[PDB]
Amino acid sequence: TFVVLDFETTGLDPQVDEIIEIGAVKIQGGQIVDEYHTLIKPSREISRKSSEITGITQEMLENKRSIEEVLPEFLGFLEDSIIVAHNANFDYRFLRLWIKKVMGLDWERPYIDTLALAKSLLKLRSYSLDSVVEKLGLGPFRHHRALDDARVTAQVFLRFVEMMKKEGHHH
């Protein structure tokens, strides 16, 4: 089993700066089998430059968990898994640093770097995700689906039921 990973980050320095977005897909049987996505609130709030590059603003993160609470949850999403990322070296650096920094752990896991693999198989001039995607003729993707909406309406439900467990919620 493999977990294909993509992070959003507070900047290029994996010592000092923080993971503000994690997305992931679990594969087995050559099949996507489930999914992980969260936003992560940074203890240092996000600079004008960061939002500018990422598209991610302080407001989107303002109400979200910390890596202290998200990391253990993401780890439970792997454990067994070979990591896979485009240019995995970077996300991976950020990953093991932050397992150290907050979880104490010394952590290592083998990864497959689609960037490096694509250099072995392709003959291309840029090895971007966009270039190998067109080069492979893969595609039309549809990322927003009925399921993503089911997932938010489900948080909506969940949230309502916590709200109605307090006596006199109707006032």
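For every residue, the number given is its place in the sequence shown, counted from 1.
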Comparing 1 to 9 with 162 to 170, which has the greater mean CA B-factor as deposited?
162 to 170
Mind pulling up the entry and telling me whether 23 to 31 or 100 to 108 has the higher mean Cα temperature factor?
100 to 108
Checking the entry, which one of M60, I46, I40, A116 has the top C-alpha B factor?
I46
Hey, what third does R145 fall into on Cα B-factor, ranked over its chain?
lowest
Among the modelled residues of its chain, the C-alpha B-factor of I67 falls in the third labelled middle
Tell me, lowest, middle or highest third: where does the Cα B factor of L124 rank within its chain?
highest
In terms of the chain's CA B-factor thirds, is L138 lowest, middle or highest?
highest
